[PDB]
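Listed next as structure tokens is one chain, alone, in the form deposited in one PDB entry.
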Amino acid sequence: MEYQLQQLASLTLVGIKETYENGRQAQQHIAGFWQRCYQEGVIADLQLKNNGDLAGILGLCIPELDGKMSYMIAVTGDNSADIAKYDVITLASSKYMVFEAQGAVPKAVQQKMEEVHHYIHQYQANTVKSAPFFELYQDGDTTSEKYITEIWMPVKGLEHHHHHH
């Protein structure tokens, strides 16, 4: 499995968060959530507000304290007046392993995500379960087999992993 190490400063994300019973249930509904955001013009609107910190639209998986899972469609944007109708979170600073899913969306993302989870299973002291992980969707044609979705998994202390000595 190939991946790149990246680090982000704290970021403000603007968008819409929905909450599902758990991670399985979420998968039943996330495609539909995306579909509703496109249909209702939310994607178009958020694209306008993207302040450039991350290039693309994010799909964040946010663990909830009662065991539910939320999914937030969002862009990096400054806290502001147009923002009032939107959900806003601070994405806390973190380092990441960044993977690529190449193929038409969502299938290629679902498949890569399965691989990734299996892969990061051997980094249990270094992944961060309470921290959000996300899909990053750059400009392009997501029905193409050439499309690249990025998958960003937070990590701490990865340099101490014995694989790296």
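Residue numbers run from 1 along the displayed sequence. Between two forms, the rigid core is defined as the largest C-alpha subset superposing within 1.5 Å.
Unshown form deposited in another entry; subsequent notes refer to it.
Only one of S10, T143, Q25, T19 has its C-alpha shifted by 2 Å or more between this form and the one not shown once the core is superposed, and that residue is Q25.
Superposition on the rigid core between this form and the one not shown places the CA atom of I83 2 Å or more away from its counterpart. Compared with the form shown here, the Cα atoms of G23 and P154 sit 3 Å or more farther apart in the other form. Whereas the shown form places them at one spacing, the Cα atoms of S80 and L65 lie at least 3 Å closer in the other form.
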